[PDB]
């Protein structure tokens, strides 16, 4: 249905770095090398520039290497750690599809794989949370974004508590889900407690 199944924006700490990548090929790689082809469907982080860069970020960028392979197949998306260092994923849909806390950050060690989005499991939540409120379904908006860190992990068991603390990370928007979510939201009504224009 959508021209792209995902889009990916990259950051270094809390500052967006480089253009947004959009994916139509079902298999995309985000690596740390230097090819600029927006076509190909390699998202190459290595040729993103940043003068604000520091040593701990430069070092990390040199260990992304092969990076992450993100495979869209039917309704599911899996992420594979091709890099020689681990990646770390925070997916609310995956944290649900299992049984973890919504803020759970999972490790995908090198060579490993993980379903990070379940288009079915999501589809439920959608319907379950329709007759559950409006803001109920607004929050699902949070499920269609997945955050992923290269090398350095964050949260429970690390010093880094926020993804914005990690040197190299990406944000993945799943356009499939967002479109279905959109269909639902456009047929509903604003929250209760209206909103002040001054405060």
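Residue numbers count along the first chain shown, from 1.
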Check your understanding: Which has higher Cα B-factors on average according to the PDB entry: 118 to 126 or 73 to 81?
Key -> 118 to 126
Review point. If you average the CA temperature factors over each stretch, which comes out higher, 182 to 190 or 21 to 29?
Key: 182 to 190
Exercise for review: Among the candidates 164, 37, 49, 145, give the one with the maximum CA B-factor reported in the record.
Suggested key: 37
Practice item. Could you say whether, by C-alpha temperature factor, residue 60 belongs to the lowest, middle or highest third of its chain? Key: middle
Exercise for review: Divide the modelled residues of the chain into thirds by Cα B-factor and specify which third, lowest, middle or highest, holds residue 6.
Suggested key: lowest
Review point. Of the three thirds of its chain by CA temperature factor, lowest, middle or highest, which one includes residue 150?
Key: lowest
Review point. Based on the entry's values, in what third of the chain does the Cα temperature factor of residue 158 lie: lowest, middle or highest?
Key: middle
**Study point:** Third of chain Cα B-factors occupied by residue 92
**Key:** middle
